[PDB]
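Hydrogens, waters and symmetry mates are skipped; everything else that's a heavy atom, side chains included, is used. Below, chain A is the first sequence line, B the second, and so on; all start at residue 1.
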Amino acid sequence: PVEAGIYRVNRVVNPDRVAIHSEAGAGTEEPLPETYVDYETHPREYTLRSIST
Amino acid sequence: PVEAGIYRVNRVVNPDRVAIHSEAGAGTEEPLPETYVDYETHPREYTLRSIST
Amino acid sequence: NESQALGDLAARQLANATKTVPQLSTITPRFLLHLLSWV
């Protein structure tokens with residue numbers, strides 16, 4: 001259901017830019033990466049269309 | 001079951017003549033089509049036939 | 001043109017849009033994490 005005829009689909013942009021750290025062995029005391037999740041500033045919006053007679 | 005031995009099958013004629021309006025985008029204030037559903041004036045009638053001895 | 005009623009562009013300023021949570025395209029079913037047993 002759409003409450004007022006407008007549907008907005010929000011999407012993540014650049015999913016490859018989220019940085020994670022994984023250790024293979026003998027963990028150290030190095031600084032961790034700092035990141036965030038970015039969104040699209042112009043998401044696609046759907047508005048309902050009519051079929052009538 | 002047939003109540004009195006006669007079965008009439010009513011059918012729609014010219015189903016392609018029912019006009020509908022569908023909008024692709026940015027709906028306007030244009031007049032809507034006016035239509036109806038037409039029937040066949042001479043439908044086929046089935047009457048039961050006897051198998052007896 | 002000479003409009004006879006209120007338009008959609010002006011009318012939608014009073015309406016709330018339905019918003020989804022952000023969609024991540026890198027999500028996978030991750031069947032291996034469900035197939036294994038964890039000790």
Starting at CG of C:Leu24, measure out to CZ of A:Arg11 and round the result to the nearest 0.5 Å. 11.5 Å
Within the distance-only criterion (no hydrogens, no angle test), does the side chain of A:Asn10 pair as donor or acceptor with the backbone N or O of C:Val21 below 3.5 angstrom? no
Would you name the heavy atoms of A:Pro15 and C:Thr26 that are closest together and state the gap between them? CB-OG1, 3.9 Å
For each of A:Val2, A:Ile6, A:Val9, tally heavy-atom pairs with chain C at distances under 4.5 Å, and name the one with the top tally. A:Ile6
Where along residues 37-53 of chain A does a heavy atom come under 4.5 Å of chain C, listed by residue number? A:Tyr39, A:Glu45
Determine whether more than 12 heavy atoms belonging to other residues, nucleotides or ligands lie under 6.0 Å from atom CD of C:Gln13. yes
Determine the option with the most heavy-atom pairs under 4.5 angstrom with chain A, choosing from C:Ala17, C:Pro22, C:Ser25. C:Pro22
Would you compute the distance between atom OG1 of C:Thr20 and atom CZ of A:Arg8 and round it to the nearest 0.5 angstrom? 9.0 Å
Is a side-chain N or O of C:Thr18 found less than 3.5 angstrom from the main chain of A:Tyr7, in a donor-acceptor match? no
